[PDB]
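Undergrad: If it helps, the file is called data.csv and holds CSV, C-alpha atoms:
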chain,number,residue,atom,x,y,z
A,110,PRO,CA,104.9,89.5,82.2
A,111,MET,CA,106.8,92.2,84.0
A,112,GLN,CA,104.1,94.7,83.1
A,113,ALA,CA,101.6,92.1,83.9
A,114,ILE,CA,102.5,91.3,87.5
A,115,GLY,CA,103.0,95.0,87.9
A,116,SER,CA,99.5,95.6,86.8
A,117,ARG,CA,98.1,93.1,89.2
A,118,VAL,CA,99.9,94.3,92.3
A,119,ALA,CA,98.9,97.8,91.2
A,120,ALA,CA,95.1,97.2,90.9
A,121,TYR,CA,95.3,95.2,94.1
A,122,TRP,CA,96.6,98.1,96.2
A,123,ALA,CA,94.4,100.6,94.6
A,124,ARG,CA,91.5,98.5,95.8
A,125,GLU,CA,93.1,98.4,99.2
A,126,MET,CA,93.2,102.2,99.5
A,127,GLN,CA,89.6,102.5,98.2
A,128,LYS,CA,88.1,100.2,100.8
A,129,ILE,CA,90.2,101.3,103.8
A,130,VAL,CA,89.5,105.1,103.3
A,131,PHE,CA,85.8,104.7,102.7
A,132,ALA,CA,85.2,102.5,105.7
A,133,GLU,CA,87.6,104.7,107.7
A,134,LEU,CA,85.2,107.6,107.3
A,135,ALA,CA,82.2,105.3,107.7
A,136,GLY,CA,82.6,104.0,111.2
A,137,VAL,CA,83.8,107.3,112.6
A,138,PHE,CA,82.5,110.6,111.2
A,139,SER,CA,78.9,110.0,112.0
A,140,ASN,CA,79.1,108.1,115.3
A,141,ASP,CA,79.6,110.9,117.7
A,142,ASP,CA,77.9,113.9,119.0
A,143,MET,CA,80.9,115.8,117.8
A,144,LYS,CA,80.4,116.3,114.1
A,145,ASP,CA,76.6,116.5,114.4
A,146,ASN,CA,76.7,120.1,113.3
A,147,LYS,CA,78.1,118.9,110.0
A,148,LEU,CA,75.3,116.4,109.1
A,149,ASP,CA,71.9,117.1,107.4
A,150,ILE,CA,69.6,114.1,108.2
A,151,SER,CA,66.3,115.4,106.7
A,152,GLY,CA,64.7,112.8,104.7
A,153,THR,CA,61.2,112.8,106.3
A,154,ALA,CA,58.6,113.0,103.6
A,155,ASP,CA,60.5,114.6,100.7
A,156,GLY,CA,63.7,115.6,99.0
A,157,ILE,CA,64.9,113.6,96.1
A,158,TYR,CA,68.6,114.4,96.0
A,159,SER,CA,68.5,116.8,93.1
A,160,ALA,CA,69.2,120.3,92.3
A,161,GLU,CA,68.3,121.8,95.7
A,162,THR,CA,69.3,119.7,98.7
A,163,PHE,CA,72.6,119.5,96.9
B,2,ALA,CA,118.1,129.3,103.4
B,3,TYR,CA,117.5,128.1,99.9
B,4,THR,CA,117.2,129.5,96.3
B,5,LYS,CA,114.2,131.6,97.3
B,6,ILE,CA,114.3,134.5,94.9
B,7,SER,CA,112.2,136.1,97.7
B,8,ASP,CA,114.5,135.1,100.5
B,9,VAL,CA,117.5,135.9,98.3
B,10,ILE,CA,115.1,138.7,97.3
B,11,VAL,CA,115.6,139.8,93.7
B,12,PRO,CA,113.0,142.5,93.4
B,13,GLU,CA,113.7,142.6,89.7
B,14,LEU,CA,112.7,139.6,87.6
B,15,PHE,CA,110.0,139.1,90.2
B,16,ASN,CA,107.5,142.0,90.6
B,17,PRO,CA,106.6,142.4,86.9
B,18,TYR,CA,106.0,138.6,86.7
B,19,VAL,CA,103.8,139.1,89.8
B,20,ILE,CA,101.6,141.8,88.4
B,21,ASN,CA,101.3,140.3,84.9
B,22,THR,CA,100.5,136.9,86.3
B,23,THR,CA,97.8,138.7,88.3
B,24,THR,CA,96.3,140.2,85.2
B,25,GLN,CA,96.3,137.1,83.1
B,26,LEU,CA,95.2,134.6,85.7
B,27,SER,CA,92.4,136.8,87.1
B,28,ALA,CA,89.0,137.1,85.5
B,29,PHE,CA,86.7,139.1,84.7
B,30,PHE,CA,88.7,139.8,81.7
B,31,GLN,CA,86.4,140.3,80.0
B,32,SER,CA,83.8,141.9,80.8
B,33,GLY,CA,85.9,144.8,82.0
B,34,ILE,CA,89.1,146.4,80.6
B,35,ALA,CA,92.4,144.7,80.3
B,36,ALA,CA,95.7,146.6,80.0
B,37,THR,CA,94.1,150.1,80.0
B,38,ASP,CA,95.7,152.7,77.7
B,39,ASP,CA,98.6,155.1,78.3
B,40,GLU,CA,96.2,157.8,79.6
B,41,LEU,CA,95.7,155.9,82.8
B,42,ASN,CA,99.3,154.7,83.1
B,43,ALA,CA,100.1,158.4,83.0
B,44,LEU,CA,97.6,159.9,85.4
B,45,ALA,CA,98.4,156.7,87.4
B,46,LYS,CA,101.9,158.2,87.6
B,47,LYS,CA,102.5,161.2,89.7
B,48,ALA,CA,99.3,161.8,91.7
B,49,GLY,CA,98.3,161.9,95.3
B,50,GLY,CA,95.3,161.9,97.6
B,51,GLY,CA,92.2,162.5,95.6
B,52,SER,CA,89.3,162.6,94.6
B,53,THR,CA,91.1,160.9,91.6
B,54,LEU,CA,91.7,162.1,88.1
B,55,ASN,CA,89.9,162.7,84.8
B,56,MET,CA,89.1,160.3,82.9
B,57,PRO,CA,87.3,161.7,79.8
B,58,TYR,CA,84.0,160.3,78.5
B,59,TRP,CA,84.2,159.2,75.0
B,60,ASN,CA,82.1,160.7,72.3
B,61,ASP,CA,82.9,164.2,71.4
B,62,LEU,CA,79.1,164.5,71.0
B,63,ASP,CA,78.8,167.3,68.3
B,64,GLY,CA,76.4,167.6,65.4
B,65,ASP,CA,75.0,170.9,66.5
B,66,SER,CA,77.3,173.7,65.2
B,67,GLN,CA,74.8,174.8,62.8
B,68,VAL,CA,74.3,176.4,59.4
B,69,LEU,CA,77.6,178.0,58.4
B,70,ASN,CA,75.5,180.1,56.0
B,71,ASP,CA,76.8,183.7,55.9
B,72,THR,CA,77.6,185.0,59.3
B,73,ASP,CA,78.7,183.3,62.5
B,74,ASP,CA,82.1,181.8,62.2
B,75,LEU,CA,81.2,178.9,64.4
B,76,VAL,CA,80.6,178.4,68.1
B,77,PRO,CA,83.8,176.6,69.5
B,78,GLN,CA,82.0,174.6,70.9
B,79,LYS,CA,79.8,172.7,73.3
B,80,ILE,CA,80.8,170.2,76.0
B,81,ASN,CA,78.4,168.6,78.4
B,82,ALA,CA,78.6,168.0,82.1
B,83,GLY,CA,81.8,166.7,83.5
B,84,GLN,CA,84.1,165.7,86.3
B,85,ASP,CA,83.4,162.0,87.1
B,86,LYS,CA,85.3,162.1,90.4
B,87,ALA,CA,86.3,158.7,91.8
B,88,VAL,CA,88.6,157.1,94.4
B,89,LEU,CA,92.2,156.0,94.4
B,90,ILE,CA,92.7,153.1,96.9
B,91,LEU,CA,95.7,151.6,98.6
B,92,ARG,CA,96.1,148.0,99.8
B,93,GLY,CA,98.6,145.5,100.9
B,94,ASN,CA,99.5,142.8,103.5
B,95,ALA,CA,102.2,140.5,104.5
B,96,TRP,CA,102.1,136.7,104.0
B,97,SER,CA,100.2,134.9,106.7
B,98,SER,CA,102.5,131.9,107.4
B,99,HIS,CA,106.2,131.7,108.0
B,100,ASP,CA,108.8,130.8,105.4
B,101,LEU,CA,106.7,127.7,106.2
B,102,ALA,CA,104.2,128.4,103.5
B,103,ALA,CA,106.7,130.3,101.3
B,104,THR,CA,109.2,127.6,100.5
B,105,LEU,CA,106.8,124.9,101.7
B,106,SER,CA,105.6,125.5,98.2
B,107,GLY,CA,109.0,124.2,97.2
B,108,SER,CA,112.6,124.9,96.4
B,109,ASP,CA,112.8,127.5,93.6
B,110,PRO,CA,109.4,129.3,93.3
B,111,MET,CA,110.5,131.7,90.6
B,112,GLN,CA,107.0,131.2,89.2
B,113,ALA,CA,105.3,129.4,92.2
B,114,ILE,CA,105.0,131.9,95.0
B,115,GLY,CA,104.3,134.5,92.3
B,116,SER,CA,101.3,132.5,91.0
B,117,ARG,CA,100.2,132.4,94.6
B,118,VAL,CA,100.2,136.1,95.3
B,119,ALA,CA,98.7,136.7,91.8
B,120,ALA,CA,95.7,134.5,92.4
B,121,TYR,CA,95.3,136.2,95.8
B,122,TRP,CA,95.0,139.7,94.4
B,123,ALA,CA,92.7,138.4,91.8
B,124,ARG,CA,90.2,137.5,94.5
B,125,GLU,CA,90.9,140.8,96.0
B,126,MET,CA,89.9,142.8,92.9
B,127,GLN,CA,86.8,140.6,92.7
B,128,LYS,CA,85.5,141.4,96.1
B,129,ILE,CA,86.3,145.1,96.1
B,130,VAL,CA,84.6,145.9,92.8
B,131,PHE,CA,81.6,143.7,93.4
B,132,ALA,CA,80.8,145.1,96.9
B,133,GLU,CA,81.5,148.5,95.5
B,134,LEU,CA,78.8,148.5,92.9
B,135,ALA,CA,76.4,146.7,95.2
B,136,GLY,CA,77.0,149.4,97.8
B,137,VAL,CA,76.2,152.3,95.5
B,138,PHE,CA,74.3,151.7,92.3
B,139,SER,CA,71.2,150.1,93.8
B,140,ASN,CA,70.5,152.5,96.7
B,141,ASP,CA,69.5,156.0,95.7
B,142,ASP,CA,66.7,157.3,93.6
B,143,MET,CA,69.1,158.6,90.9
B,144,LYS,CA,69.8,155.2,89.2
B,145,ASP,CA,66.3,153.9,89.3
B,146,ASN,CA,66.0,153.8,85.5
B,147,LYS,CA,68.5,150.9,85.4
B,148,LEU,CA,66.7,148.6,87.8
B,149,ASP,CA,63.8,146.2,87.3
B,150,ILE,CA,62.1,144.2,89.9
B,151,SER,CA,58.8,142.5,89.4
B,152,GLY,CA,59.8,140.0,92.0
B,153,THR,CA,56.5,139.7,93.8
B,154,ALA,CA,54.8,136.2,93.6
B,155,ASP,CA,55.4,135.7,89.9
B,156,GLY,CA,58.6,135.3,87.9
B,157,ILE,CA,61.2,132.6,87.6
B,158,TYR,CA,64.1,134.4,85.9
B,159,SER,CA,63.9,132.5,82.6
B,160,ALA,CA,64.0,133.4,78.9
B,161,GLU,CA,61.8,136.5,79.4
B,162,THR,CA,62.5,138.8,82.3
B,163,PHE,CA,66.1,138.3,81.0
B,164,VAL,CA,64.8,139.8,77.8
B,165,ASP,CA,63.3,142.8,79.5
B,166,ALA,CA,66.3,143.5,81.7
B,167,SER,CA,68.5,142.9,78.7
B,168,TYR,CA,66.7,145.6,76.6
B,169,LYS,CA,66.3,148.1,79.4
B,170,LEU,CA,69.0,149.7,77.3
B,171,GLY,CA,66.9,150.4,74.3
B,172,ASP,CA,69.5,152.1,72.1
B,173,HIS,CA,72.5,150.0,72.9
B,174,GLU,CA,72.6,146.2,72.5
B,175,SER,CA,75.3,143.5,71.9
B,176,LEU,CA,77.0,145.4,74.7
B,177,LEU,CA,76.1,142.6,77.1
B,178,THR,CA,79.0,140.1,77.7
B,179,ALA,CA,79.4,139.3,81.4
B,180,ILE,CA,76.5,138.3,83.7
B,181,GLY,CA,76.6,138.3,87.4
B,182,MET,CA,74.8,135.6,89.2
B,183,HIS,CA,73.9,134.1,92.5
B,184,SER,CA,74.4,130.3,92.9
B,185,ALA,CA,70.7,129.4,93.6
B,186,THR,CA,69.6,131.3,90.5
B,187,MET,CA,71.9,129.4,88.2
B,188,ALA,CA,70.6,126.3,89.9
B,189,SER,CA,67.1,127.1,88.8
B,190,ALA,CA,68.5,128.0,85.4
B,191,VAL,CA,70.5,124.9,84.7
B,192,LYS,CA,67.4,123.0,85.8
B,193,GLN,CA,65.0,124.7,83.4
B,194,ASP,CA,67.0,126.6,80.8
B,195,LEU,CA,69.7,125.5,78.4
B,196,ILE,CA,72.8,127.0,80.1
B,197,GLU,CA,75.5,124.9,78.8
B,198,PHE,CA,79.1,124.2,79.4
B,199,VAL,CA,81.4,125.4,76.6
B,200,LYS,CA,85.2,125.5,76.3
B,201,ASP,CA,85.1,128.8,74.6
B,202,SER,CA,88.2,130.8,75.3
B,203,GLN,CA,91.4,129.1,73.9
B,204,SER,CA,93.1,127.6,75.4
B,205,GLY,CA,91.8,126.5,78.7
B,206,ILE,CA,88.9,124.7,80.2
B,207,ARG,CA,86.3,126.0,80.9
B,208,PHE,CA,83.4,128.0,82.2
B,209,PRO,CA,79.7,128.2,81.9
B,210,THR,CA,77.6,130.0,79.3
B,211,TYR,CA,74.0,131.0,79.2
B,212,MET,CA,73.9,132.5,75.7
B,213,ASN,CA,77.1,133.5,74.1
B,214,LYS,CA,77.6,135.9,77.1
B,215,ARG,CA,80.3,134.7,79.5
B,216,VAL,CA,78.8,134.2,82.9
B,217,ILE,CA,80.6,135.0,86.2
B,218,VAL,CA,79.8,133.0,89.3
B,219,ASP,CA,80.0,134.8,92.7
B,220,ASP,CA,79.3,133.9,96.3
B,221,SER,CA,78.3,137.3,97.7
B,222,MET,CA,74.8,138.6,96.9
B,223,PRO,CA,72.4,140.7,98.9
B,224,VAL,CA,69.6,138.4,100.0
B,225,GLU,CA,66.5,139.6,101.8
B,226,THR,CA,63.8,137.9,103.7
B,227,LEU,CA,60.1,138.8,103.3
B,228,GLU,CA,57.3,137.1,105.0
B,229,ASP,CA,55.6,134.2,103.2
B,230,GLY,CA,58.6,132.1,102.1
B,231,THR,CA,59.9,134.7,99.6
B,232,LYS,CA,63.6,135.3,98.9
B,233,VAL,CA,64.6,138.1,96.5
B,234,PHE,CA,68.0,138.0,94.7
B,235,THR,CA,70.1,140.6,93.0
B,236,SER,CA,72.5,139.1,90.4
B,237,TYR,CA,73.6,142.2,88.5
B,238,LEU,CA,73.5,142.3,84.7
B,239,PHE,CA,76.3,144.4,83.2
B,240,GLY,CA,78.9,142.9,80.9
B,241,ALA,CA,79.2,146.4,79.6
B,242,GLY,CA,82.6,146.3,78.1
B,243,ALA,CA,83.7,148.0,80.2
B,244,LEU,CA,84.9,149.4,83.5
B,245,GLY,CA,88.5,150.6,83.8
B,246,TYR,CA,91.5,150.5,86.0
B,247,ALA,CA,95.1,151.7,86.2
B,248,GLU,CA,98.0,150.4,88.3
B,249,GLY,CA,100.2,153.2,89.6
B,250,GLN,CA,102.8,151.8,91.9
B,251,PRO,CA,103.9,152.2,95.5
B,252,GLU,CA,107.6,152.0,96.4
B,253,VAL,CA,109.2,148.9,97.9
B,254,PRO,CA,106.9,146.3,96.2
B,255,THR,CA,108.4,143.3,98.1
B,256,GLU,CA,110.5,143.3,101.2
B,257,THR,CA,112.0,140.2,102.8
B,258,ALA,CA,112.4,140.6,106.5
B,259,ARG,CA,112.7,138.2,109.4
B,260,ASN,CA,112.3,138.3,113.2
B,261,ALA,CA,114.4,137.1,116.1
B,262,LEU,CA,112.9,136.0,119.3
B,263,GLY,CA,110.6,133.7,117.4
B,264,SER,CA,111.2,131.5,114.4
B,265,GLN,CA,109.5,133.1,111.4
B,266,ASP,CA,110.1,135.4,108.5
B,267,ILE,CA,107.7,137.7,106.6
B,268,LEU,CA,106.9,138.6,103.0
B,269,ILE,CA,104.9,141.7,102.0
B,270,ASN,CA,103.4,143.3,98.9
B,271,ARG,CA,101.3,146.5,99.4
B,272,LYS,CA,100.2,147.4,95.9
B,273,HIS,CA,98.1,150.4,94.9
B,274,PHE,CA,95.4,150.3,92.2
B,275,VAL,CA,92.6,152.5,90.8
B,276,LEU,CA,89.3,151.0,89.9
B,277,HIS,CA,85.7,152.3,89.6
B,278,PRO,CA,82.7,152.6,87.2
B,279,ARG,CA,82.4,155.5,84.9
B,280,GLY,CA,79.8,156.0,85.6
B,281,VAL,CA,78.8,157.7,88.7
B,282,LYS,CA,80.9,160.2,90.6
B,283,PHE,CA,82.4,159.7,94.1
B,284,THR,CA,81.6,162.6,96.4
B,285,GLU,CA,83.3,163.4,99.7
B,286,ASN,CA,80.9,163.0,102.6
B,287,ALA,CA,80.3,160.9,105.7
B,288,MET,CA,83.8,159.3,105.3
B,289,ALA,CA,86.9,159.2,107.5
B,290,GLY,CA,90.3,158.6,106.0
B,291,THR,CA,92.4,159.0,104.0
B,292,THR,CA,93.2,157.4,101.7
B,293,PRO,CA,91.5,154.9,100.8
B,294,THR,CA,88.2,155.0,102.5
B,295,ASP,CA,87.3,151.4,103.5
B,296,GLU,CA,85.3,148.5,102.3
B,297,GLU,CA,82.1,149.3,104.2
B,298,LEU,CA,82.5,153.0,104.0
B,299,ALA,CA,83.4,152.5,100.3
B,300,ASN,CA,79.8,151.1,100.2
B,301,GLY,CA,77.3,152.4,102.7
B,302,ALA,CA,76.0,155.6,101.0
B,303,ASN,CA,76.8,158.8,99.3
B,304,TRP,CA,77.6,158.5,95.7
B,305,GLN,CA,76.2,160.8,93.0
B,306,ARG,CA,76.1,160.4,89.2
B,307,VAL,CA,76.2,162.8,86.2
B,308,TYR,CA,75.3,161.8,82.6
B,309,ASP,CA,72.5,160.7,83.2
B,310,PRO,CA,70.6,158.0,81.5
B,311,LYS,CA,72.7,156.1,79.0
B,312,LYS,CA,76.3,155.0,78.5
B,313,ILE,CA,76.5,154.1,82.2
B,314,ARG,CA,76.5,151.0,81.6
B,315,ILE,CA,75.0,148.6,84.1
B,316,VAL,CA,71.6,147.2,85.1
B,317,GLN,CA,70.1,145.2,87.9
B,318,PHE,CA,66.9,143.3,88.5
B,319,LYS,CA,65.6,141.7,91.7
B,320,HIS,CA,63.7,138.6,90.6
B,321,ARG,CA,61.8,136.0,92.5
B,322,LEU,CA,63.5,132.6,92.3
B,323,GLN,CA,62.0,129.4,91.0
B,324,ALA,CA,58.9,128.6,93.0
Will you turn the file into structure tokens for me?
TA:
Amino acid sequence: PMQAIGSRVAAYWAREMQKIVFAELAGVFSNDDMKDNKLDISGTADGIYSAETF
Amino acid sequence: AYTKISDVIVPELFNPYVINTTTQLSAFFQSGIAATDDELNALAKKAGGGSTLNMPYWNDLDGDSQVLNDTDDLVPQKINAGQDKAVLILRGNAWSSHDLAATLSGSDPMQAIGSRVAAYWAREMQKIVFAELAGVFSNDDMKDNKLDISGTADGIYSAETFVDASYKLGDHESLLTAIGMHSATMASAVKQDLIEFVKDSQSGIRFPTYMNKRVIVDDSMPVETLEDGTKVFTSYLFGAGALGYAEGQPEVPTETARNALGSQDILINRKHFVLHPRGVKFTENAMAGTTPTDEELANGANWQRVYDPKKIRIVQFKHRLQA
């Protein structure tokens, strides 16, 4: 199981990168006044995420 | 330094690769012409500040030249109106960054940096031609026969007004290939209509298709604002097959030079090319220069056509979006 243990470590670290990057954005980009010019909040009675708001 | 066929500067073995790579990678193509004939590679050779060149029409047009019965000989012969004067333009720049970008690409960019510049001039050609047509064709009363609108309170651009605008050339058909588009429009379309995604040219992947016309996505479109929510869009329809262009050539295509009191070096290109619809004639008025004119001044006003009506070949229609 050379290729086996290799697989395992591989998928492990993949998962690492995934989580760390996503949370990395999460707790930062939005909590600020700084980026606020980059965020569309909207919601508020309509918009479905289709074809337009995109 | 490094290998750097630019910083060891072999002007040979480089420049032709650059221009060819520009032609292939760019699109359009087609749509418009690719590798125009000898004629224009000749008039593209020794020339100077124009005006431009001629640039014949196509059809010899005869079929008069009447009964040869007894006594005329024949009348040798008729030709119609003429000229079709246009512009010859000149462009160029350096490269923005240092050798930073240049070999930051890598070690031996025999093909890399070339690909770079190629794609660059691709985008260039795109912008210049697009803004050019937009600046001229629409605004005058002379072209009016090629524009449709409707575009007040009812129409969605689907399946019908496309038919009308498509057949506004009543004689000629199956001459539509390219279609110019604004993003929002094709949004409405991919919502309602069947516009599908087809790997079509071979090889390579891929790009959208409405009907077997190739479509061309573009960012820049004139967009108005009328009262009451309305927004009117342009999205030219031509796909004539074609426009035309010829190369010419400056001298010193690429020059490697550096500086001293700072740490940099600079690459430069400065190519000439000749492109325009035929099509309307370019007059000389209200323009500084020269040459070329400008972007803006190459648009704002003052062009004049002679055919008139057919074999232009372009059309536009301003349609209400999907509401």
Undergrad: I'd like a table as CSV: residues in chain B with an atom no more than 12 Å from chain A, each row giving the shortest atom pair and its distance in Å to one decimal, all atoms listed in the file counted, sorted by chain and rising residue number.
TA:
residue,atom,partner,partner_atom,distance
B:184,CA,A:161,CA,10.8
B:185,CA,A:161,CA,8.2
B:186,CA,A:161,CA,10.9
B:187,CA,A:160,CA,10.3
B:188,CA,A:160,CA,6.6
B:189,CA,A:160,CA,7.9
B:190,CA,A:160,CA,10.4
B:191,CA,A:160,CA,9.0
B:192,CA,A:160,CA,7.3
B:193,CA,A:160,CA,10.8
B:323,CA,A:161,CA,10.9
B:324,CA,A:161,CA,11.9
Undergrad: May I ask for the distance between atom CA of residue B:249 and atom CA of residue B:275, given in Å to one decimal place?
TA: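 Between these atoms lies a distance of 7.7 Å.
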Undergrad: May I ask for the distance between atom CA of residue B:259 and atom CA of residue B:20, given in Å to one decimal place?
TA: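 So the two atoms, atom CA of residue B:259 and atom CA of residue B:20, lie 24.0 Å apart.
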Undergrad: With a distance cut-off of 12 Å and all atoms listed in the file, select the neighbouring residues of stretch 286-298 of chain B, excluding the residue or stretch itself and same-chain residues fewer than 2 positions from it, and output the selection as a ChimeraX atom specification.
TA: /B:49-53,87-93,125-126,128-137,273-276,283-284,300-305
Undergrad: Skipping near chain neighbours, those fewer than 6 positions away, what residues fall within 9 Å of residue B:209 using only C-alpha atoms, listed as a VMD selection string?
TA: chain B and resid 196 to 200 215 to 218
Undergrad: Which residues are close to residue B:242, i.e. within 9 Å by all atoms listed in the file, leaving aside same-chain residues fewer than 4 positions away? Reply as a PyMOL selection string.
TA: chain B and resi 31-34+176-179+314
Undergrad: Interatomic distance between atom CA of residue B:248 and atom CA of residue B:36?
TA: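 Between atom CA of residue B:248 and atom CA of residue B:36 the gap works out to 9.4 Å.
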Undergrad: Restricting the calculation to all atoms listed in the file, which member of B:269, B:174, B:247, B:322 is positioned closest to residue B:43?
TA: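 Result for the nearest residue to residue B:43: B:247.
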Undergrad: Rank B:232, B:46, B:306, B:214 by their smallest atom-to-atom distance to residue B:138, using all atoms listed in the file, and report the top residue only.
TA: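 Of B:232, B:46, B:306, B:214, the one nearest residue B:138 is B:306, counting all atoms listed in the file.
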Undergrad: Between B:316, B:182, B:103, B:45, which one has atoms that come closest to residue B:257, using all atoms listed in the file?
TA: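 Distance minimum relative to residue B:257 lands on B:103.
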Undergrad: Wanna dump the stretch 251-322 of chain B-stretch 63-86 of chain B contacts at 7 Å for me, each residue with its shortest atom pair and the distance in Å to one decimal, counting only C-alpha atoms, ordered by chain and number, as CSV?
TA:
residue,atom,partner,partner_atom,distance
B:279,CA,B:85,CA,6.9
B:281,CA,B:85,CA,6.5
B:282,CA,B:85,CA,4.7
B:283,CA,B:86,CA,5.3
Undergrad: Go through B:108, B:299, B:42, B:120 one by one, measure the shortest atom-to-atom distance of each to residue B:7 using all atoms listed in the file, and give the residue with the smallest value.
TA: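 Closest candidate: B:108.
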